[PDB]
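Just the one chain here, laid out as structure tokens, in the form deposited in one PDB entry.
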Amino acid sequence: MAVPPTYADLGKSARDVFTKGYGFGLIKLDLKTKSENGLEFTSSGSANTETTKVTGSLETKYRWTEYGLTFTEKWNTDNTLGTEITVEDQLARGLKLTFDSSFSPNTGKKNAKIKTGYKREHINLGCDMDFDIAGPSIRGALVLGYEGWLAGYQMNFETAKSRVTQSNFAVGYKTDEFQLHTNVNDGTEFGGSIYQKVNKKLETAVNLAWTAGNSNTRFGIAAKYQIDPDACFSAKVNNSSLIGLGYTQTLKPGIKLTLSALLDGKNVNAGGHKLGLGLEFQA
């Protein structure tokens, strides 16, 4: 409805046209399993193309619908363990408390955090408490919204340094089929995204980002046209002539196949082009 999204989720539809539906240089085979209403199992097997690094993950997710509890745990072949607990709507008027934790061998990740969010008709507030060993920090999210107009501010205060290390503003406007968003980070990093839905299934997205002094200019355009109710086709170009193609097709009620390819328009002949494959079985 009119509930404003989180600061990290505004301008998401334009971002999903660029990201969703593309698998580059990866052989992704996932299997989803929902045996009961709450329990969900998901094991994935990916193989890198450039480095030939096979990575297999195992995720167990259970949902407690009555008490609002939500448990999420992830496992990986690299022993990169992650756990998340989400309590939603336990307190009055749409509250949510989340406990995240990620552990990794030798990479130096022993981080865990406590997230806190508040939602209403026009206000969306977020509070994070990262416990990184290098230094704890508090993240504050504030999003204003009324009549399709959005306004957001994000702040991260690092207690180890006793100062705010990042302060991001965001102003945007969105409709049912049109979304315009503007982002400025630390006064020097700027950005903007325009989401447009042309037809019943034609999503048009334009992304623009640059730094202070007309530097690091990066712009592009993406599209997500479907030809069939079961087939999705995606294409995107940027100023570096990187052309990304993607074709998503579900072959049967529980099988999904995704073909994708990245082409370097600068050097077509041996320019480091990438092919990707994605199989998602439903069970």
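All residue numbers are counted from 1 along the displayed sequence. Under this definition, the rigid core comprises the largest set of C-alpha atoms superposing within 1.5 Å between the forms.
This protein has a second form, the form deposited in another entry, left out of what is shown; the following refers to that one.
Residue among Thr49, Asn239, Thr65, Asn216 with C-alpha shift of 2 Å or more between the shown form and the other one, core superposed:
Among the listed residues, the one whose C-alpha moves by 2 Å or more is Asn216.
After the core is matched up, is the C-alpha of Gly82 off by 2 Å or more between the shown form and the other one?
True for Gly82: a C-alpha shift of 2 Å or more.
Is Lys109 displaced by at least 2 Å at its C-alpha between the shown form and the other one when the rigid core is overlaid?
Yes: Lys109 shifts by at least 2 Å between the shown form and the other one.
C-alpha of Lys252: shift of 2 angstroms or more between the shown form and the other one, rigid core aligned?
False for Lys252: its C-alpha shift is below 2 Å.
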